[PDB]
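Summary of structural features
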Amino acid sequence: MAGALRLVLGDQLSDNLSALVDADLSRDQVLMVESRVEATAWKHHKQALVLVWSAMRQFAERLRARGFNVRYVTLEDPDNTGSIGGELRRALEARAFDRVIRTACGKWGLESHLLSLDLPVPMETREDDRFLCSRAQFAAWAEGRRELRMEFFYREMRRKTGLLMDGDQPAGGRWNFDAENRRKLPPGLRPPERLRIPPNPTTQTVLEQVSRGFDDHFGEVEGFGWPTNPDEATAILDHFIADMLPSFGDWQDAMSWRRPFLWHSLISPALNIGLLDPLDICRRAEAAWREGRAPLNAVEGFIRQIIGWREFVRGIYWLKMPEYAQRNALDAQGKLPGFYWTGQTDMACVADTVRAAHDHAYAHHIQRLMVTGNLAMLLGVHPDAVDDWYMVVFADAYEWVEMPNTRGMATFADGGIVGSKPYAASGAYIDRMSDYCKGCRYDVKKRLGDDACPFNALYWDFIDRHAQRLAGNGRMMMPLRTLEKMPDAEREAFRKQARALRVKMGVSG
Ligand SMILES: Cc1cc2nc3c(=O)[nH]c(=O)nc-3n(C[C@H](O)[C@H](O)[C@H](O)COP(=O)(O)OP(=O)(O)OC[C@H]3O[C@@H](n4cnc5c(N)ncnc54)[C@H](O)[C@@H]3O)c2cc1C
Ligand SMILES: Cc1nc2c(=O)[nH]c(=O)nc-2n(C[C@H](O)[C@H](O)[C@H](O)CO)c1C
Ligand code: SF4
Ligand SMILES: [Cl-]
Ligand SMILES: [Mg+2]
């Protein structure tokens, strides 16, 4: 009858967390740790550190106001062992407990370590039921499927959640209103100004501590504008729903120089730590369509990203780990170019993506996928180095979501499990979808020579290198038959260009 020690991690800041919902407030204690192991396993963006630790401190205060005894161990505490496991042991030695209760986390290596810890009391691990699909439900869906197609998973999630269902039929009589007709912004359309959250007093304190104590971590911390508690996160969501969602579908794949947010929701950093709930977000978007304040194609496209892609990538991560993290289907062995960290490249699209990561800890999906992701795949950068960049530079990065999007969708190192095909593209794609190329030093109409857009020769050398494997993929027919129709002299020409680019960029050779 000594009570339970209830662990809450930095991405578990939800009243409904499974480790909390049956607490005995008169006997139990919550443990929350600012852990330098977790902060440095990858050296996360300064803004990611500020976000998590500010949000953590405020959640602890919200728990105390509700009657919880909270043992909170800060980054400054001189007795903090630095690790979750060390701090569990320290808490169990400070007073009597009958058991530890925790919620399964979002990183296989940490989950595996915690499951193996030898503690003086039992540890009970509960599934994270903030997600809409359980790990077991995904495994059951996936069983027997030669290929995992997000669309079919998504339809099941629509039926299960009831989102955008009119009786037993999808709203509007189609499941998906996606189409491949998206374009860049018209020249006269200026993306709108976005709501930012000025740091509250707790956030300001953490910002000062991170600026002094983690100066070697990537990124700028001045200008921090992310929400750090439920009120701030709800303000950001309200702004998206009212002001941005009606145009969300039109501009979902566009890119505009030094306009990093466009009409995206900017909620992933808050949702991924628990400050928003995925079902609530989707119900709010559905209500906007049902009340006549947004079109169905925009609302369906937004919901598909949360109950479709987000749940799907989590499902594949837990289905396939730990071997997933060792897959390298294309035998990529190159080094990551230094300009991924410094931004010092004349490729305007790449430079702008690195700039947004540095200044905001954010870039939207198409930029992550088709600029820096595609480039790394075409260069043949080793997947560990690519994962290590995406885990550092964005404030929504956790392995369960980063890895299937990066090792899977963006670079095909998983051989197509997540994405079915490589999302390889030349500069022509970036030119069509962005305003980058007019002002770029390089010429997107050229493949060879010092003025040619590097993506153009790298794209064709990638298709060439992997032509047989992509033939046995079936989803690359338009490019492979273009390749086969080029004369040997044309193919040799772009092979030499791509080889020279990989040496110049510090990748290999
Ligand atoms: C290489 C690469 C790495 C990525 N790494 C991460 C990561 O570490 N963390 C992360 O949360 N997302 C990651 N994504 C997915 C996606 O790019 C981000 O979720 C999105 O950019 C967040 O911006 P937003 O909140 O403005 O989203 P919106 O464009 O407004 O989309 C709405 C919501 O849908 C979800 N979402 C959309 N696309 C995806 C997706 N492919 N996978 C999962 N959720 C999705 C998010 O919850 C997002 O908030 C990655 C994508 C790629 C291509
Ligand atoms: C930056 C950071 N800091 C902490 C921390 O101080 N304490 C903690 O308990 N968790 C932290 N996390 C989250 C974990 O590193 C990890 O990514 C998630 O628990 C994965 O589910 C992160 C990401
Ligand atoms: S020309 Fe090539 S490198 Fe320059 S912005 Fe366009 S796609 Fe990017
Ligand atoms: Cl993680
Ligand atoms: Mg000590």
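Residues numbered from 1 in each chain as written, not as in the entry; some residues may be left out. Chains lettered and ligands numbered in written order. Heavy atoms only, no water.

As deposited, the entry is annotated with X-ray crystallography as its determination method and 1.50 Å as its resolution.

Quick look at empty space enclosed by the protein
Throughout the structure, instances matching the rule amount to 2 cavities of 30 Å³ or more. If you add up the space inside the largest cavity, you get close to 530 Å³. Around the largest cavity, the lining comprises 28 residues; the ones closest to its centre are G10, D11, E38, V52 and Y398. Among the secondary structure elements, those contributing two or more residues to the lining of the largest cavity are α1 (36-40) and α2 (46-65). Where the lining of the second largest cavity is concerned, the elements lending two or more residues are α13 (348-360), α17 (427-433) and α18 (454-465). Tallied by class, residues from the lining of the second largest cavity come to 12 nonpolar, 1 polar and 1 charged. (1 Å grid on protein atoms, 1.4 Å probe; cavity = no way out; pocket = protein on both sides within 12 Å on 5 of 7 lines; lining within 4 Å. Points joined across faces, edges and corners; volume = space filled by probe spheres on them. Helix = DSSP H or I, 4+ residues; strand = E, 2+ residues; numbered from the N terminus. Nonpolar A, V, L, I, M, F, W, Y, C, P; charged D, E, K, R; others polar.)

Description of the sheet that holds strand β4 (residues 99-103)
Spatial strand order, β3-β2-β1-β4-β5: 5 strands in an open sheet with parallel pairing. Each end of this open sheet is capped by a strand with a single partner; those strands are β3 (70-73) and β5 (123-126). Between one strand and the next, the sheet's axes are offset by a mean angle of 20°, whatever the strand orientation. With 4 bridges connecting them, strand β2 (residues 29-33) and β3 associate as parallel partners. Bridge pairing in β3 links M32 to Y72. (Pairing = 2+ DSSP bridges. Axes fitted to C-alpha atoms, helices over the stretch in contact; angles between N-to-C directions.)

As for α2
Look at α2: 29 Å from first C-alpha to last across 20 residues, which is about the 28 Å you get at 1.5 Å a residue. Two residues or fewer after α2 comes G67, characterised by a positive phi angle close to 105°. (Expected span 1.5 Å × (residues − 1).)

A closer look at the site of ligand 1
If you check the shell around ligand 1, you find 28 residues, and the closest are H264, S265, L266, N272 and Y362. In the environment of ligand 1, an oxygen atom lies 3.0 Å from a nitrogen or oxygen atom belonging to the backbone of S268. Separating a nitrogen atom of ligand 1 from a backbone N or O atom of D396 is a distance of 2.9 Å. Out of a free accessible area of 830 Å², ligand 1 has 99% covered by protein chains. Put simply, the parts of the chain that give the shell around ligand 1 at least two residues each are α9 (268-271), α11 (296-320), α14 (365-379) and α16 (399-410). (Near = heavy atom within 4 Å. Polar contact = N/O pair within 3.5 Å; in protein donor to acceptor, adjacent residues only side chain to side chain. Areas by Shrake-Rupley, 256 points an atom, 1.4 Å probe, with all protein chains shown as cover.)

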